[PDB]
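One chain follows as C-alpha cells, the form deposited in one PDB entry.
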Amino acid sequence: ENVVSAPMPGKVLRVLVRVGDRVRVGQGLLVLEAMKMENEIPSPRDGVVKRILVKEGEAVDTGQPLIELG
C-alpha cells in the first residue's frame, strides 16, 4: 500500500479509476493538465485503488497525494 503523488503542478482533468478498481503498473490513474501538456499519471505498480484524493477540476501542487493504493 502506497501513495501516488503529482509529478508537477496542474489541474486534474479526469480520474480514470474508481475506488476498488484493480490497476496495472503503468496504467493511467488520472490525467493532469501541465507543461502545456495533457499528462497521464500512471500507477507505479499493480494493485487496488483504495482512496481517490482529488476531484476533477481541482488544482494540485508538486508532490501532492492523488491516489492511495491498497
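Heads up: residue numbers just count along the shown sequence, starting at 1.
Mean C-alpha B-factor is higher over 1-9 than over the other stretch, the pair under comparison being 1-9 and 61-69. Stretches 28-36 and 41-49 differ in mean C-alpha B factor, with the higher average recorded for 28-36.
Beyond the structure shown, there is the form solved in complex with a partner chain, which is absent from this document and is the topic of what follows.
Though the partner is left out of this view, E56 does reach within 4.5 Å of the partner chain in the deposited bound form, counting heavy atoms only. Looking at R22, you'd find every heavy atom of it more than 4.5 angstroms from the partner chain in the deposited bound form. Taking the partner from elsewhere, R51 is found to have every heavy atom lying beyond 4.5 Å of the partner chain in the deposited bound form. Although the partner is absent here, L13 sits close enough that one of its heavy atoms falls within 4.5 Å of the partner chain in the deposited bound form.
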